[PDB]
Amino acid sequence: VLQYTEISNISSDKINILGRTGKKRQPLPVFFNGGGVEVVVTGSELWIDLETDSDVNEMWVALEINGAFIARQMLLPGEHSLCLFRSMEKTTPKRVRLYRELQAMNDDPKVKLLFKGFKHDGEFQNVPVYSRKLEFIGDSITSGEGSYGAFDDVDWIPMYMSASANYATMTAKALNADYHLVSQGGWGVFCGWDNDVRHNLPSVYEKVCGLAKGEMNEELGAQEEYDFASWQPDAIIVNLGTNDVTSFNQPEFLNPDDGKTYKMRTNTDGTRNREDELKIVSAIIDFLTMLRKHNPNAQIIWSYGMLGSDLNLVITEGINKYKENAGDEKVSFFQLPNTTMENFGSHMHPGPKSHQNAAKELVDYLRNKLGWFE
């Protein structure tokens, strides 16, 4: 006989909730990629009860036991009782981490992941205490898009995305740190790759999950303001700009809302338009002020370069102008290594090896920057 324990009935000491949470606690909505739970349990068997819904973009999850990747799978709409381990030695504790592989989906109001409770024959023990906290904000790189799948695959579908093979989770793991991911493929600091001015991360940063819209998501608490005071990160890693630079080489965008045409322009010369560059610069300044406002003590580190480094000067202009004007001494720039021909995954995006290389250089930087040498 397995006991059933509702997720909200577990002592805060005996569960780590990974990722941003709002007001709803039973069942637990897991809004973000990398989001989920970690428990440490004895016993022979563990199952998690969950509910999922979706249409075009189905849910994916991944499981790690004692820090090691074990499983990865799709979940189709409905109730599931998912077996996390079985036939194990009863007396020894196992650390179990199950998390969402798929990013929040801005244009998809149906997709959701809800954790209800656990079935178990053993007992819950105290979970590791993560004093170190890292927030990651980004585009599809931070969504781990291309981290699975063959070189030539191009379909924009969930199976190619992950938190399981991802520089951010690799960095958090190496540094023994709790982590939040906030990301959206194709989105920029100012506009999306396709010149879509609505597709910027800043506009969506402040709600519990601003990227989860519609009635159903509203019932889950996603559109309420996020309680920043409850989770203050030591550092905020900002990996944005790739899509902003891409937009300069992309056709003009007609906006369905405010019926105007937007285009980040390139000079006849081949260089970027300056006032257009300045729109990014200002967007950067505004975003940095937003971040400082909600995280008064965090080290903000703009970390950019896994898919080219052409926005180097524009990014650092934004930071420098913000810094001098605000007297902010805890804002840095760190360039990530570029993905070489050999290390691409699918969608011509960074694969596992590029993520690993990026995590290695980011971890080294954070050790020195934060004094996290141990």
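Numbering starts at 1 and follows the sequence shown.
K.L.:
With reference to the PDB entry, specify whether the mean Cα temperature factor is higher for 90-98 or for 148-156.
P.N.:
148-156 has the higher mean C-alpha B-factor.
K.L.:
Identify the stretch, either 270-278 or 208-216, whose C-alpha atoms have the larger mean B-factor according to the entry.
P.N.:
Looking at the recorded C-alpha B-factors, 270-278 comes out higher on average.
K.L.:
According to the Cα B-factor stored in this entry, which of the following is highest: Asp139, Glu224, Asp234, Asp178?
P.N.:
Most elevated C-alpha B-factor of the set, per the entry: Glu224.
K.L.:
In terms of recorded Cα temperature factor, pick the maximum from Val40, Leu307, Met341, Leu336.
P.N.:
Among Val40, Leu307, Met341, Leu336, the PDB entry lists the largest C-alpha B-factor for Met341.
K.L.:
Comparing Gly117 with the other modelled residues of its chain, is its CA B-factor in the lowest, middle or highest third?
P.N.:
Tercile = middle for this residue's CA B-factor.
K.L.:
Could you place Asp244 in the lowest, middle or highest third of its chain by Cα temperature factor, using the values in the record?
P.N.:
It falls in the middle third of the chain.
K.L.:
Split into thirds by Cα B-factor across the chain's modelled residues, where does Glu329 land: lowest, middle or highest?
P.N.:
Its C-alpha B-factor belongs to the highest third of this chain's values.
K.L.:
Which third of the chain holds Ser81 when residues are ordered by C-alpha B factor: lowest, middle or highest?
P.N.:
Its C-alpha B-factor, which the entry lists for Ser81, ranks in the highest third among residues of this chain.
K.L.:
What third of the chain, by the recorded C-alpha B-factor, contains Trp302?
P.N.:
As the PDB entry reports it, the C-alpha B-factor of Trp302 lands in the lowest third of its chain.
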